[PDB]
Every structure is written in structure tokens, then in C-alpha cells.
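Before any questions on how it binds or moves, here is one chain, the form deposited in one PDB entry, in C-alpha cells.
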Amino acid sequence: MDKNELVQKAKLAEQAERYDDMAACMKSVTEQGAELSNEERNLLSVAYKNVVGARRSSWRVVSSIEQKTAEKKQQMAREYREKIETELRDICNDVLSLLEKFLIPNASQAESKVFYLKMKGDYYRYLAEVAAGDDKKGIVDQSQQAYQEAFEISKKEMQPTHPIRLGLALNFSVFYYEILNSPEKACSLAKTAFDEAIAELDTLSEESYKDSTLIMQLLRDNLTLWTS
């Protein structure tokens, strides 16, 4: 019913590990038209990361089985993969519709704009993971374009230690490495984001120092993995 009821229900669903419900609640909140609070935005992101993540995981497992085999068996694996892909696409399109119609329009502050543009990049990235052929070049570009706009704004409006800025760098670096298969650009972005953050350690805040340093370490972890 009311925004408060939905958010209470979403929080119950989260406790119950029932993310489809959680997503559905936060979709209704989003559709009421008003800008989401930080709490609500985190709830929305978590719900959908989990919902889509189950399909991503399934897809990798089935895809890996498909390639590792015969015939008829591969025909079964391939048809299941496609069933999962269709689910995954519907989920991504649901989020991306939400971003375009509600979340990005209503973003009053640079932080929020960066966050949703990052999220747009992510869901297009999830589509790209699963896209074949003629569709793909266009989905990849959509992802890059959303990340890139976010990156621009983040560099203009946000300190180099801001968790959301560092998060974007992490994900954008991952886009370069996994989707565009460009490790040098991936390393350079991650290294720069890290280096700029240690250079402005002065800027870490009460509210954020934990998230900042955590994501800084994730950047290093990826760099270490990638330069081995």
C-alpha cells in the first residue's frame, strides 16, 4: 500500500532471502515517482543484484556444462541456457526501464546521478555477458556510454575517495577487462583511481573511510590478479 508498508515488506523479504519479493516491493516504491532515499536506493540495488545474480550464476553453470560436452545433451543444455538468458534479460530490462523512467530523471545530486549511471552500466554489462552477434556491439556501447558519463561526472563533482566514485572505477575497470578484453586500459583505470585516492587520503571522512578503504583494496586485488 503506502511507501512505508512497501519498504517494511522489502526489508522483511531481505531478512527472508526472498529477493524476488524484495525487488517487487522496491519496484513499486520506484514507480510511485518520487526520488528514492539512500536507504531505498540501497534496498533496490540489493534486491536486483541478488535477483539478477542468481540467473548470472545459473547461466555460467549451464553454459560451462554446455561447452564441456556428444549431442542432444548439448541441445538440452543450450535450450535451458536460453531459458535462463530470457529470464536474465527481462530482469535487466526491468531495471533499465526503471533507471530511464524514474531514477536518472529524478537524480537531483551528482552522487545519485553517478550511482544510477553506474547501475545502468552494470545492467548493460550483464546483458553484454550473455549477448551474441549483431545485438552485442550495441549493448556493449550502451554500457560503455553509461559508465563513461558517470565517470565524467564523478571526476567533476566527487572527491577521489568517495566510495561511489571508487566503486564506479572498479566496475568500469571490470567492464574493460571482461567485456572489451582490454587489460591495459583496465589496469590503467584501476591504478589511476587507486593512486588518486591514496594521493588524497586527506579526504577520507567519518561516514565513509571504511567503504573507501575497502573498495581501494578491491582495486588493488584486481590489479594484483591482473598483473600476475
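Definition used throughout: the rigid core is the maximal C-alpha set that superposes within 1.5 Å between two forms. All residue numbers refer to positions in the sequence shown, first residue = 1.
Residue 70, present in the displayed chain, goes without coordinates in a third or more of the other PDB entries compared that cover both sides of it. Missing-residue comparison: residue 206 falls in the unmodelled set for a third or more of the other PDB entries checked.
The gap between residue 69 and residue 70 holds 1 to 3 unmodelled residues of the deposited sequence. Stretches 39-47 and 181-189 differ in mean CA B factor, with 181-189 having the higher one. Per-chain ranking of the deposited C-alpha B factor places residue 112 in the middle third. For residue 136, the recorded CA B-factor ranks within the middle third of the chain. Only modelled residues enter the ranking. Ranked against the other modelled residues of its chain, the C-alpha B-factor of residue 212 as given in the entry falls in the lowest third. When the modelled residues of the chain are ordered by C-alpha B-factor, residue 123 sits in the lowest third. Among all modelled residues in this chain, the alpha-carbon of residue 59 has a temperature factor (C-alpha) in the lowest third.
What comes next is about the form deposited in another entry, which is not displayed.
Core-superposed comparison between the shown form and the other one: the C-alpha position of residue 203 differs by no less than 2 Å. One change in that other deposited form concerns residue 104 and residue 203, whose Cα atoms lie at least 3 Å farther apart than in this form.
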